[PDB]
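Report on one structure; see the data block that follows.
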Amino acid sequence: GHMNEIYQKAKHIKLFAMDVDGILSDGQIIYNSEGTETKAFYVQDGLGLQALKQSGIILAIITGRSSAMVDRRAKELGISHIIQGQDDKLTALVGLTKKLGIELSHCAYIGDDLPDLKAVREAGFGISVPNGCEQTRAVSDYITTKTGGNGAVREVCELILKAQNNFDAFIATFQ
Amino acid sequence: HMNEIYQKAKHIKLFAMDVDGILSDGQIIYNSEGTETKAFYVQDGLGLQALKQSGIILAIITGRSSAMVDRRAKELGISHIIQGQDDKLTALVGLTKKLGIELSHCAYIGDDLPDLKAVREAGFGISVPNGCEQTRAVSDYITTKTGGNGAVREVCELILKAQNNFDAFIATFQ
Amino acid sequence: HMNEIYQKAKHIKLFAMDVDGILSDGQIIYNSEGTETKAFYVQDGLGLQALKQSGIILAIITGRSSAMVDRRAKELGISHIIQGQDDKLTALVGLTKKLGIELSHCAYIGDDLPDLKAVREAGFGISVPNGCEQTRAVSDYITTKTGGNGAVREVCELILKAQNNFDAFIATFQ
Amino acid sequence: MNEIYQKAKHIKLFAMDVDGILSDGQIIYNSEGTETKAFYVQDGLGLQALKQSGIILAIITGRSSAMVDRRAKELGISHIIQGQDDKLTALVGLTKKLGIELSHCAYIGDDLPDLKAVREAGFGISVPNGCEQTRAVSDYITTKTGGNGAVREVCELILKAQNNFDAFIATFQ
Ligand SMILES: [Mg+2]
Ligand SMILES: [Mg+2]
Ligand SMILES: [Mg+2]
Ligand SMILES: [Mg+2]
C-alpha cells in the first residue's frame, strides 16, 4: 500500500550509500588461527550496483569496521567513496553531501543495525533488511524481501531503477 | 511465561556463554595449511557491548581452545575467557567464588550436553533452537534466533529490558 | 512441458555452464591476506563426470577469473575454461564453431542477466530458482535444486535420462 | 523401528563417508591453492560417545585431505582410508583385518560411490540430501542433514539400540 510513496522517495536518488556487514554480507565475521579475517559478498549484488552506477548514481560505503576485503570489493565495483572505521553513519553521509554537492533528500542509505538508524531515518530514501534490528527497520521507507548477502542490495538497486524509469532499459541491454 | 523469564534476568550480574553453537553456528572449519576458522555474528557484538556497558560481567566457557576465541572475546570485552574446559558448571561456580557473585545472579547460555548442568543450575539458563533436546529441556528460555545468527544479541536485549536498560541503549542511536 | 524438455536435452553434445550462482551459491569470498575463496558442491562433480563419460563435452563460461575455477575444471575434465568473459553467447557460438557442434546441440545453464542470451539461444537453456527473473523467463528448464547445492547434478541426470544413459550410469554403482 | 534396532544393536564398527555426511558437501578452494572443509560440533560428541561405548570408528572416502586427518585424530577415528575408489572393498578389507563380521558393521554414505557399502553393511545409513539410489538401499535415513547433525543423530540411535543412550545423557546430568 506504500509503493508510490516509496517510488517518490527513490525517484530522486542521486547517491546510494550502504553499510557493509549485514547488508553486503549476511553479517558473518570470520577469523582464523593465523590472524586472517574473511568476508563474503554476493555476485548478484555486484551487477545491481553496476546498474545503478550506469544510470549515473554515485555509490558509497559507510562502515564501522575496517578491512582490505571491503576495499577490494569496493574497487572492483567502482565504489570510490569508501568510509571505514566510522560508526556515526549520519555524520559521514552528511559529510558526503557537502563533498559531492548532493542534497541529503537525494541520498539513499541502507543499513541493518542501530549505528545505521539515524542515517536510514534522515536520508531521502532509507532502507533496511529482514534481519535488521527492529528500530532501524521502523525508521526505514523500504525493507527488502531478500536478506543481506543474499540479494537485498540487488533488490533495492532494481527498485531504485524502477522508480527512475531506468530498469526496463537496463534489462533490455541484456536481451 | 516472559514475566518469570524477566524476573530471572532482572538480577543478572554475570553473563557466561558457550562458543560453538552459540556465538557460532557450530561449524568447525579446517584447511590444508593446518589453519582453523570460526565464524561469529556482527549483531551479537553490539549486543554484548550493550550488556557490558550496563555493568554486566561477560564470560566465555568452552571445551575447545583457539586464537579466534581470544580475538573475538578481546574485541567484545569478554574479560573472562575459559577455554579447554568441558565441565561448564565447575567453571561457572569457580567464577562465582572468584568474583563474589551468587549463582542465582549468573546467566548461562549453552547448546549441547556439556552445557546442561550450567544451564540447569544458573539463575538464568538459556539455550537455542538447534541445541540438544536435553539442554533445551532444562532452559528457562530458548531463543528464537539461532546460534551464530543472533541468539546472543536476542538474550542481551532480553536482559537489558529486564533491567530497565534497553531503552537507554536504543536512545543513544536515535 | 517435460516431453519438450527431453526433446531438447536428447541431442546435447556440449554442456556449458556459468560458475557463480550455478556451480557455487554466488558467494564471492575475500580475506585480509588478499586471498579469494570459492565453494563447489561434491555431488555436482559426479554428475558432470557422468555427462563427460557419456560423450558430452564440458565448458565453463564466466565473467570472473580465478585459479579455483581452473582447479575445479581440470579436476572434473571440463575441457573449455573461458574466464573473464561476460558475453556468454559470443563465447558459446565461438565454441560451436571450434567443435563443429550446432548451437541447437548445446546446453547452457546460467543465473543472471549476462547469461540471458546464451540461455535463450542454446538448444537447451537452463536456469535456477535464485536466477534473475529475466533469465528464468527464457529458460527451457529451471532446476529444483539451487546453485551450489545440486542444480548442476540435477540437470546432468536430466540429460542422461533424455539420452537413455541414466539407468546404465546408476547400474555401474550397483 | 524394531528391525532398525536389531541391525544397530550388534554394531562393533561404524564407518563413514566424509563429504555430504560429516560436511554439507561443500568443496572449498582458494587462490593460494589451499582447500577447506567444515565439520559440525554436535557430530563430534556423538562420535566420541560411540567410541567410548566400545565401537571402532572409521572413515572411508574417495577424496584425500589433511582436514580429514585432523578431524579424525581429535575424535579418535582410528582408521582413515582416503582416496578410495571402491568403498565396499575398503570396508570388507578393514573389517576382515579387525576380525569383525560385515553384519556388525555400520556404514553411512550420501552418493552413488557409497551405494554398495550402504547396501551390504549390517546397518546401512543415508541422509536426506543423499542420492535416491543410495537412500533406496539404506536401513535408516536420518532426519538431520549432512554437516548438520546427521551423524550425531545416528550415533544416538546406535547408543539407544545398545542400551547406552540414557547412561550417556545421565553423565551430563
Ligand atoms: Mg551492519
Ligand atoms: Mg556448544
Ligand atoms: Mg552467475
Ligand atoms: Mg559423500
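Going through the C-alpha cells in order, the chains are called A, B, and so on, while each chain numbers its residues from 1 and the ligands are numbered from 1 in the order shown.
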Could you list, as a count of residues only, the residues of chain D having an atom within 8 Å of chain B when counting only C-alpha atoms?
-> 15
Any chance you could dump chain C, least-squares fitted to chain B on all C-alpha atoms in order, as a PDB file with C-alpha atoms, in the first residue's frame?
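Result saved to result-v5.pdb:
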ATOM      1  CA  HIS C   1       6.285 -17.639  31.328  1.00  0.00           C
ATOM      2  CA  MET C   2       7.829 -14.289  30.313  1.00  0.00           C
ATOM      3  CA  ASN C   3       7.119 -12.758  33.741  1.00  0.00           C
ATOM      4  CA  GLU C   4       9.160 -15.588  35.299  1.00  0.00           C
ATOM      5  CA  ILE C   5      11.903 -15.147  32.671  1.00  0.00           C
ATOM      6  CA  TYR C   6      12.133 -11.394  33.384  1.00  0.00           C
ATOM      7  CA  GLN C   7      12.341 -12.191  37.119  1.00  0.00           C
ATOM      8  CA  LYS C   8      15.398 -14.369  36.470  1.00  0.00           C
ATOM      9  CA  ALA C   9      17.007 -11.947  33.998  1.00  0.00           C
ATOM     10  CA  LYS C  10      16.470  -8.881  36.233  1.00  0.00           C
ATOM     11  CA  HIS C  11      19.239  -9.815  38.690  1.00  0.00           C
ATOM     12  CA  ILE C  12      21.947 -11.012  36.271  1.00  0.00           C
ATOM     13  CA  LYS C  13      25.429  -9.643  37.038  1.00  0.00           C
ATOM     14  CA  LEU C  14      27.457 -12.195  35.051  1.00  0.00           C
ATOM     15  CA  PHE C  15      26.632 -13.459  31.557  1.00  0.00           C
ATOM     16  CA  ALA C  16      28.589 -16.581  30.578  1.00  0.00           C
ATOM     17  CA  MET C  17      28.436 -18.286  27.198  1.00  0.00           C
ATOM     18  CA  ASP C  18      29.400 -21.381  25.270  1.00  0.00           C
ATOM     19  CA  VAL C  19      31.120 -20.673  21.927  1.00  0.00           C
ATOM     20  CA  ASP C  20      30.394 -23.355  19.316  1.00  0.00           C
ATOM     21  CA  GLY C  21      26.691 -23.385  18.472  1.00  0.00           C
ATOM     22  CA  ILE C  22      26.056 -20.170  20.443  1.00  0.00           C
ATOM     23  CA  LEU C  23      28.441 -17.466  19.167  1.00  0.00           C
ATOM     24  CA  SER C  24      28.884 -19.558  16.002  1.00  0.00           C
ATOM     25  CA  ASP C  25      26.519 -21.882  14.101  1.00  0.00           C
ATOM     26  CA  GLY C  26      28.642 -24.855  15.236  1.00  0.00           C
ATOM     27  CA  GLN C  27      30.943 -25.215  12.227  1.00  0.00           C
ATOM     28  CA  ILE C  28      34.480 -26.437  12.890  1.00  0.00           C
ATOM     29  CA  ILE C  29      36.529 -25.359   9.870  1.00  0.00           C
ATOM     30  CA  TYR C  30      39.977 -26.691   8.882  1.00  0.00           C
ATOM     31  CA  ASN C  31      42.224 -26.166   5.861  1.00  0.00           C
ATOM     32  CA  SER C  32      45.113 -27.963   4.113  1.00  0.00           C
ATOM     33  CA  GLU C  33      47.736 -25.665   5.689  1.00  0.00           C
ATOM     34  CA  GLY C  34      46.669 -26.687   9.217  1.00  0.00           C
ATOM     35  CA  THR C  35      44.714 -23.477   9.821  1.00  0.00           C
ATOM     36  CA  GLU C  36      41.423 -23.423  11.752  1.00  0.00           C
ATOM     37  CA  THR C  37      38.593 -20.964  11.096  1.00  0.00           C
ATOM     38  CA  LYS C  38      35.616 -19.811  13.180  1.00  0.00           C
ATOM     39  CA  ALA C  39      32.796 -17.414  12.301  1.00  0.00           C
ATOM     40  CA  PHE C  40      30.919 -14.990  14.554  1.00  0.00           C
ATOM     41  CA  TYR C  41      27.916 -12.694  14.009  1.00  0.00           C
ATOM     42  CA  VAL C  42      28.244  -8.894  13.898  1.00  0.00           C
ATOM     43  CA  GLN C  43      24.979  -8.083  15.711  1.00  0.00           C
ATOM     44  CA  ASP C  44      25.996 -10.300  18.661  1.00  0.00           C
ATOM     45  CA  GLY C  45      29.032  -8.037  19.177  1.00  0.00           C
ATOM     46  CA  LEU C  46      26.898  -4.936  19.752  1.00  0.00           C
ATOM     47  CA  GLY C  47      24.530  -6.851  22.052  1.00  0.00           C
ATOM     48  CA  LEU C  48      27.387  -8.027  24.266  1.00  0.00           C
ATOM     49  CA  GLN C  49      28.919  -4.540  24.268  1.00  0.00           C
ATOM     50  CA  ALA C  50      25.573  -3.154  25.443  1.00  0.00           C
ATOM     51  CA  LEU C  51      25.363  -5.732  28.256  1.00  0.00           C
ATOM     52  CA  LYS C  52      28.937  -4.982  29.339  1.00  0.00           C
ATOM     53  CA  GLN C  53      28.289  -1.221  29.349  1.00  0.00           C
ATOM     54  CA  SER C  54      25.221  -1.745  31.562  1.00  0.00           C
ATOM     55  CA  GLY C  55      27.546  -3.233  34.210  1.00  0.00           C
ATOM     56  CA  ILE C  56      27.337  -6.954  33.440  1.00  0.00           C
ATOM     57  CA  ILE C  57      30.543  -9.029  33.396  1.00  0.00           C
ATOM     58  CA  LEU C  58      31.038 -11.252  30.328  1.00  0.00           C
ATOM     59  CA  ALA C  59      32.543 -14.745  30.228  1.00  0.00           C
ATOM     60  CA  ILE C  60      33.219 -17.515  27.715  1.00  0.00           C
ATOM     61  CA  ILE C  61      33.371 -21.175  28.749  1.00  0.00           C
ATOM     62  CA  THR C  62      34.362 -23.563  25.941  1.00  0.00           C
ATOM     63  CA  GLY C  63      35.731 -27.118  25.721  1.00  0.00           C
ATOM     64  CA  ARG C  64      37.761 -26.234  22.628  1.00  0.00           C
ATOM     65  CA  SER C  65      40.722 -23.829  22.491  1.00  0.00           C
ATOM     66  CA  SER C  66      41.625 -21.313  19.768  1.00  0.00           C
ATOM     67  CA  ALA C  67      43.150 -17.910  19.023  1.00  0.00           C
ATOM     68  CA  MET C  68      39.938 -16.852  17.229  1.00  0.00           C
ATOM     69  CA  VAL C  69      38.019 -17.024  20.515  1.00  0.00           C
ATOM     70  CA  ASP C  70      40.745 -15.017  22.290  1.00  0.00           C
ATOM     71  CA  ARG C  71      40.599 -12.424  19.493  1.00  0.00           C
ATOM     72  CA  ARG C  72      36.796 -12.149  19.463  1.00  0.00           C
ATOM     73  CA  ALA C  73      36.696 -11.996  23.281  1.00  0.00           C
ATOM     74  CA  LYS C  74      39.338  -9.251  23.617  1.00  0.00           C
ATOM     75  CA  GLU C  75      37.594  -7.260  20.860  1.00  0.00           C
ATOM     76  CA  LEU C  76      34.254  -7.297  22.731  1.00  0.00           C
ATOM     77  CA  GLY C  77      35.603  -6.938  26.282  1.00  0.00           C
ATOM     78  CA  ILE C  78      34.802 -10.495  27.336  1.00  0.00           C
ATOM     79  CA  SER C  79      37.010 -10.523  30.429  1.00  0.00           C
ATOM     80  CA  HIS C  80      36.946 -14.189  31.438  1.00  0.00           C
ATOM     81  CA  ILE C  81      37.987 -16.533  28.664  1.00  0.00           C
ATOM     82  CA  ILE C  82      37.877 -20.129  29.878  1.00  0.00           C
ATOM     83  CA  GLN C  83      38.957 -22.537  27.128  1.00  0.00           C
ATOM     84  CA  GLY C  84      39.668 -26.293  27.100  1.00  0.00           C
ATOM     85  CA  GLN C  85      36.947 -26.727  29.717  1.00  0.00           C
ATOM     86  CA  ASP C  86      33.997 -29.044  29.052  1.00  0.00           C
ATOM     87  CA  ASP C  87      32.803 -28.940  32.680  1.00  0.00           C
ATOM     88  CA  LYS C  88      30.808 -25.736  32.322  1.00  0.00           C
ATOM     89  CA  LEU C  89      29.197 -25.810  35.782  1.00  0.00           C
ATOM     90  CA  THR C  90      32.499 -26.193  37.694  1.00  0.00           C
ATOM     91  CA  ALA C  91      33.953 -23.309  35.661  1.00  0.00           C
ATOM     92  CA  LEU C  92      30.848 -21.161  36.270  1.00  0.00           C
ATOM     93  CA  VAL C  93      30.856 -21.870  40.032  1.00  0.00           C
ATOM     94  CA  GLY C  94      34.588 -21.042  40.022  1.00  0.00           C
ATOM     95  CA  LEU C  95      33.632 -17.668  38.533  1.00  0.00           C
ATOM     96  CA  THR C  96      30.944 -17.048  41.190  1.00  0.00           C
ATOM     97  CA  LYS C  97      33.611 -17.486  43.864  1.00  0.00           C
ATOM     98  CA  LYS C  98      36.235 -15.301  42.154  1.00  0.00           C
ATOM     99  CA  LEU C  99      33.812 -12.442  41.445  1.00  0.00           C
ATOM    100  CA  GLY C 100      31.677 -12.668  44.596  1.00  0.00           C
ATOM    101  CA  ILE C 101      28.497 -13.091  42.537  1.00  0.00           C
ATOM    102  CA  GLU C 102      25.796 -15.579  43.589  1.00  0.00           C
ATOM    103  CA  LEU C 103      25.008 -18.358  41.088  1.00  0.00           C
ATOM    104  CA  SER C 104      21.405 -17.105  41.065  1.00  0.00           C
ATOM    105  CA  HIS C 105      22.791 -13.853  39.598  1.00  0.00           C
ATOM    106  CA  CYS C 106      24.565 -15.647  36.742  1.00  0.00           C
ATOM    107  CA  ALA C 107      23.219 -16.313  33.277  1.00  0.00           C
ATOM    108  CA  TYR C 108      24.531 -19.129  31.094  1.00  0.00           C
ATOM    109  CA  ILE C 109      23.751 -19.910  27.452  1.00  0.00           C
ATOM    110  CA  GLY C 110      24.673 -23.296  25.954  1.00  0.00           C
ATOM    111  CA  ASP C 111      23.646 -25.670  23.166  1.00  0.00           C
ATOM    112  CA  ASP C 112      24.820 -29.211  23.928  1.00  0.00           C
ATOM    113  CA  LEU C 113      25.084 -31.799  26.709  1.00  0.00           C
ATOM    114  CA  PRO C 114      28.266 -30.397  28.311  1.00  0.00           C
ATOM    115  CA  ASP C 115      26.295 -27.165  28.928  1.00  0.00           C
ATOM    116  CA  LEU C 116      23.278 -28.907  30.502  1.00  0.00           C
ATOM    117  CA  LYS C 117      24.183 -28.612  34.197  1.00  0.00           C
ATOM    118  CA  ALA C 118      25.312 -24.980  33.859  1.00  0.00           C
ATOM    119  CA  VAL C 119      22.092 -24.042  32.030  1.00  0.00           C
ATOM    120  CA  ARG C 120      20.046 -25.838  34.702  1.00  0.00           C
ATOM    121  CA  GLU C 121      21.846 -24.454  37.775  1.00  0.00           C
ATOM    122  CA  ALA C 122      22.453 -20.862  36.636  1.00  0.00           C
ATOM    123  CA  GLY C 123      20.028 -18.170  37.828  1.00  0.00           C
ATOM    124  CA  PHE C 124      19.055 -17.707  34.184  1.00  0.00           C
ATOM    125  CA  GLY C 125      19.716 -20.620  31.821  1.00  0.00           C
ATOM    126  CA  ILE C 126      19.376 -20.144  28.068  1.00  0.00           C
ATOM    127  CA  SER C 127      19.535 -22.415  25.044  1.00  0.00           C
ATOM    128  CA  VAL C 128      18.891 -22.198  21.308  1.00  0.00           C
ATOM    129  CA  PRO C 129      16.582 -23.858  18.719  1.00  0.00           C
ATOM    130  CA  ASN C 130      19.338 -26.190  17.468  1.00  0.00           C
ATOM    131  CA  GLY C 131      20.505 -27.036  20.986  1.00  0.00           C
ATOM    132  CA  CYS C 132      20.117 -30.641  22.120  1.00  0.00           C
ATOM    133  CA  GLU C 133      16.673 -31.502  23.536  1.00  0.00           C
ATOM    134  CA  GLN C 134      18.069 -32.252  27.008  1.00  0.00           C
ATOM    135  CA  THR C 135      19.731 -28.844  27.403  1.00  0.00           C
ATOM    136  CA  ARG C 136      16.638 -27.135  25.986  1.00  0.00           C
ATOM    137  CA  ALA C 137      14.524 -29.004  28.565  1.00  0.00           C
ATOM    138  CA  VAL C 138      16.358 -27.434  31.527  1.00  0.00           C
ATOM    139  CA  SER C 139      16.486 -23.929  30.033  1.00  0.00           C
ATOM    140  CA  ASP C 140      14.522 -20.964  31.359  1.00  0.00           C
ATOM    141  CA  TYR C 141      14.491 -19.414  27.899  1.00  0.00           C
ATOM    142  CA  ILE C 142      15.091 -20.686  24.368  1.00  0.00           C
ATOM    143  CA  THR C 143      15.991 -18.040  21.775  1.00  0.00           C
ATOM    144  CA  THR C 144      14.068 -17.529  18.538  1.00  0.00           C
ATOM    145  CA  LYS C 145      17.232 -16.655  16.596  1.00  0.00           C
ATOM    146  CA  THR C 146      19.792 -19.433  16.065  1.00  0.00           C
ATOM    147  CA  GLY C 147      23.422 -19.749  17.222  1.00  0.00           C
ATOM    148  CA  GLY C 148      25.734 -17.560  15.130  1.00  0.00           C
ATOM    149  CA  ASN C 149      22.665 -15.783  13.738  1.00  0.00           C
ATOM    150  CA  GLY C 150      21.625 -13.497  16.597  1.00  0.00           C
ATOM    151  CA  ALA C 151      20.762 -15.814  19.494  1.00  0.00           C
ATOM    152  CA  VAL C 152      23.224 -13.903  21.677  1.00  0.00           C
ATOM    153  CA  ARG C 153      21.983 -10.478  20.493  1.00  0.00           C
ATOM    154  CA  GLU C 154      18.417 -11.595  21.304  1.00  0.00           C
ATOM    155  CA  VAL C 155      19.161 -12.648  24.888  1.00  0.00           C
ATOM    156  CA  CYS C 156      21.280  -9.508  25.417  1.00  0.00           C
ATOM    157  CA  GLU C 157      18.226  -7.403  24.552  1.00  0.00           C
ATOM    158  CA  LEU C 158      16.040  -9.563  26.796  1.00  0.00           C
ATOM    159  CA  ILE C 159      18.335  -8.966  29.794  1.00  0.00           C
ATOM    160  CA  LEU C 160      18.597  -5.228  29.059  1.00  0.00           C
ATOM    161  CA  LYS C 161      14.769  -5.076  28.962  1.00  0.00           C
ATOM    162  CA  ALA C 162      14.429  -7.009  32.235  1.00  0.00           C
ATOM    163  CA  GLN C 163      16.857  -4.559  33.874  1.00  0.00           C
ATOM    164  CA  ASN C 164      15.136  -1.425  32.452  1.00  0.00           C
ATOM    165  CA  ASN C 165      18.187  -0.529  30.353  1.00  0.00           C
ATOM    166  CA  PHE C 166      17.039  -1.399  26.826  1.00  0.00           C
ATOM    167  CA  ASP C 167      15.139   1.731  25.771  1.00  0.00           C
ATOM    168  CA  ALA C 168      17.993   3.866  27.172  1.00  0.00           C
ATOM    169  CA  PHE C 169      20.495   1.818  25.129  1.00  0.00           C
ATOM    170  CA  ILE C 170      18.415   2.336  21.958  1.00  0.00           C
ATOM    171  CA  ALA C 171      18.107   6.058  22.753  1.00  0.00           C
ATOM    172  CA  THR C 172      21.902   6.504  22.466  1.00  0.00           C
ATOM    173  CA  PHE C 173      21.581   5.729  18.733  1.00  0.00           C
ATOM    174  CA  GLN C 174      18.705   8.149  18.066  1.00  0.00           C
TER     175      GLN C 174
END
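Nearest residue to ligand 2 among D:158, D:45, D:131, D:77 is D:45, counting only C-alpha atoms and all ligand atoms.
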Where in range 74-130 of chain A does DSSP assign helix (DSSP H, G or I), given as a JSON list (two decimals) with C-alpha atoms, in the first residue's frame?
[["chain", "number", "residue", "atom", "x", "y", "z"],
["A", 74, "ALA", "CA", 34.59, -1.56, -3.49],
["A", 75, "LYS", "CA", 37.43, -1.08, -6.00],
["A", 76, "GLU", "CA", 36.26, -3.86, -8.35],
["A", 77, "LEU", "CA", 32.70, -2.48, -8.31],
["A", 89, "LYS", "CA", 26.77, 6.88, 9.71],
["A", 90, "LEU", "CA", 24.71, 10.09, 9.55],
["A", 91, "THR", "CA", 27.68, 12.46, 10.05],
["A", 92, "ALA", "CA", 29.56, 10.54, 7.34],
["A", 93, "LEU", "CA", 26.56, 10.73, 4.98],
["A", 94, "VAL", "CA", 26.14, 14.49, 5.59],
["A", 95, "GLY", "CA", 29.90, 14.82, 5.00],
["A", 96, "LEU", "CA", 29.43, 13.23, 1.57],
["A", 97, "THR", "CA", 26.54, 15.57, 0.70],
["A", 98, "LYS", "CA", 28.87, 18.53, 1.19],
["A", 99, "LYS", "CA", 31.82, 16.84, -0.55],
["A", 100, "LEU", "CA", 29.78, 15.94, -3.65],
["A", 104, "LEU", "CA", 20.51, 14.70, 1.68],
["A", 105, "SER", "CA", 16.97, 14.33, 0.30],
["A", 106, "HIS", "CA", 18.60, 12.86, -2.82],
["A", 114, "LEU", "CA", 21.49, 0.62, 15.46],
["A", 115, "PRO", "CA", 24.53, 2.62, 14.24],
["A", 116, "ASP", "CA", 22.65, 2.91, 10.90],
["A", 117, "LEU", "CA", 19.35, 4.13, 12.41],
["A", 118, "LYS", "CA", 19.85, 7.90, 12.08],
["A", 119, "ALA", "CA", 21.22, 7.63, 8.53],
["A", 120, "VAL", "CA", 18.29, 5.41, 7.47],
["A", 121, "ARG", "CA", 15.84, 7.81, 9.16],
["A", 122, "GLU", "CA", 17.22, 11.09, 7.80]]
Could you list, with a cut-off of 10 Å and counting only C-alpha atoms and all ligand atoms, the residues of chain A near ligand 1, each shown with its nearest atom pair and the distance in Å rounded to one decimal, rows sorted by chain and ascending number, as a Markdown table?
| residue | atom | partner | partner_atom_place_in_ligand_line | distance |
| --- | --- | --- | --- | --- |
| A:18 | CA | ligand 1 | 1 (Mg) | 8.9 |
| A:19 | CA | ligand 1 | 1 (Mg) | 5.4 |
| A:20 | CA | ligand 1 | 1 (Mg) | 5.6 |
| A:21 | CA | ligand 1 | 1 (Mg) | 4.1 |
| A:22 | CA | ligand 1 | 1 (Mg) | 4.6 |
| A:23 | CA | ligand 1 | 1 (Mg) | 6.1 |
| A:24 | CA | ligand 1 | 1 (Mg) | 8.6 |
| A:25 | CA | ligand 1 | 1 (Mg) | 8.6 |
| A:26 | CA | ligand 1 | 1 (Mg) | 9.1 |
| A:27 | CA | ligand 1 | 1 (Mg) | 7.0 |
| A:62 | CA | ligand 1 | 1 (Mg) | 9.4 |
| A:63 | CA | ligand 1 | 1 (Mg) | 7.3 |
| A:64 | CA | ligand 1 | 1 (Mg) | 8.2 |
| A:65 | CA | ligand 1 | 1 (Mg) | 9.3 |
| A:87 | CA | ligand 1 | 1 (Mg) | 9.7 |
| A:110 | CA | ligand 1 | 1 (Mg) | 9.1 |
| A:111 | CA | ligand 1 | 1 (Mg) | 5.8 |
| A:112 | CA | ligand 1 | 1 (Mg) | 4.9 |
| A:113 | CA | ligand 1 | 1 (Mg) | 5.4 |
| A:114 | CA | ligand 1 | 1 (Mg) | 8.4 |
| A:115 | CA | ligand 1 | 1 (Mg) | 7.9 |
| A:116 | CA | ligand 1 | 1 (Mg) | 7.3 |
| A:128 | CA | ligand 1 | 1 (Mg) | 9.8 |
| A:132 | CA | ligand 1 | 1 (Mg) | 8.1 |
| A:133 | CA | ligand 1 | 1 (Mg) | 9.7 |
| A:148 | CA | ligand 1 | 1 (Mg) | 9.2 |
Tell me, as an NGL selection string, which residues lie within 10 Å of residue 164 in chain A, counting only C-alpha atoms; anything in the same chain fewer than 2 positions away does not count.
-> :A and (7-8 or 10-13 or 55 or 158-162 or 166-167)
Only N, CA and C atoms, please: the residues just picked out, written as a PDB file, in the first residue's frame.
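Result file follows (out_24.pdb):
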ATOM      1  N   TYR A   7       8.310   4.844  -4.213  1.00  0.00           N
ATOM      2  CA  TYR A   7       8.758   5.251  -5.547  1.00  0.00           C
ATOM      3  C   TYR A   7       9.132   6.730  -5.617  1.00  0.00           C
ATOM      4  N   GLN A   8       8.339   7.577  -4.966  1.00  0.00           N
ATOM      5  CA  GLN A   8       8.601   9.013  -4.960  1.00  0.00           C
ATOM      6  C   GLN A   8       9.900   9.366  -4.239  1.00  0.00           C
ATOM      7  N   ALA A  10      12.498   7.177  -3.912  1.00  0.00           N
ATOM      8  CA  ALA A  10      13.565   6.566  -4.704  1.00  0.00           C
ATOM      9  C   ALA A  10      13.819   7.277  -6.040  1.00  0.00           C
ATOM     10  N   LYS A  11      12.786   7.918  -6.586  1.00  0.00           N
ATOM     11  CA  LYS A  11      12.869   8.560  -7.906  1.00  0.00           C
ATOM     12  C   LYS A  11      13.913   9.681  -7.994  1.00  0.00           C
ATOM     13  N   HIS A  12      14.188  10.327  -6.864  1.00  0.00           N
ATOM     14  CA  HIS A  12      15.071  11.494  -6.826  1.00  0.00           C
ATOM     15  C   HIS A  12      16.477  11.188  -6.295  1.00  0.00           C
ATOM     16  N   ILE A  13      16.803   9.906  -6.159  1.00  0.00           N
ATOM     17  CA  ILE A  13      18.084   9.488  -5.585  1.00  0.00           C
ATOM     18  C   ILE A  13      19.250   9.650  -6.564  1.00  0.00           C
ATOM     19  N   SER A  55      23.436   4.142 -14.478  1.00  0.00           N
ATOM     20  CA  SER A  55      22.333   5.099 -14.558  1.00  0.00           C
ATOM     21  C   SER A  55      22.742   6.491 -14.071  1.00  0.00           C
ATOM     22  N   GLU A 158      17.343  -2.623  -8.073  1.00  0.00           N
ATOM     23  CA  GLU A 158      16.276  -2.760  -9.059  1.00  0.00           C
ATOM     24  C   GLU A 158      15.109  -1.828  -8.741  1.00  0.00           C
ATOM     25  N   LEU A 159      14.789  -1.695  -7.458  1.00  0.00           N
ATOM     26  CA  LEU A 159      13.707  -0.809  -7.026  1.00  0.00           C
ATOM     27  C   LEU A 159      13.975   0.644  -7.421  1.00  0.00           C
ATOM     28  N   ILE A 160      15.188   1.119  -7.145  1.00  0.00           N
ATOM     29  CA  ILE A 160      15.568   2.493  -7.480  1.00  0.00           C
ATOM     30  C   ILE A 160      15.509   2.717  -8.994  1.00  0.00           C
ATOM     31  N   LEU A 161      16.013   1.754  -9.765  1.00  0.00           N
ATOM     32  CA  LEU A 161      15.956   1.842 -11.228  1.00  0.00           C
ATOM     33  C   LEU A 161      14.518   1.915 -11.730  1.00  0.00           C
ATOM     34  N   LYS A 162      13.636   1.118 -11.127  1.00  0.00           N
ATOM     35  CA  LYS A 162      12.214   1.120 -11.488  1.00  0.00           C
ATOM     36  C   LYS A 162      11.567   2.478 -11.202  1.00  0.00           C
ATOM     37  N   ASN A 166      14.334   3.495 -15.341  1.00  0.00           N
ATOM     38  CA  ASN A 166      15.595   3.069 -15.948  1.00  0.00           C
ATOM     39  C   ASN A 166      15.801   1.560 -15.912  1.00  0.00           C
ATOM     40  N   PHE A 167      14.916   0.856 -15.210  1.00  0.00           N
ATOM     41  CA  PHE A 167      15.068  -0.587 -15.015  1.00  0.00           C
ATOM     42  C   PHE A 167      14.890  -1.380 -16.307  1.00  0.00           C
TER      43      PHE A 167
END
Please run DSSP on the backbone and report, as number ranges by chain, all residues within chain C that come out as strand (DSSP E or B).
-> C: 14-17, 27-31, 36-41, 57-61, 80-82, 106-109, 124-127, 141-142
Give as a PyMOL selection string the residues surrounding ligand 4 up to a distance of 10 Å, considering only C-alpha atoms and all ligand atoms.
-> (chain C and resi 42-43) or (chain D and resi 16-25+60-63+108-114+126+130-131+146)
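Selecting chain A residues within 6 Å of chain C and counting only C-alpha atoms yields residues 36, 37, 38, 39, 40, 41, 42, 43, 68, 69 and 174 of chain A.
The gap separating CA of residue 121 in chain D from CA of residue 57 in chain D is 14.4 Å, in Å to one decimal.
As for CA of residue 164 in chain D and CA of residue 2 in chain D, they are spaced 16.6 Å apart.
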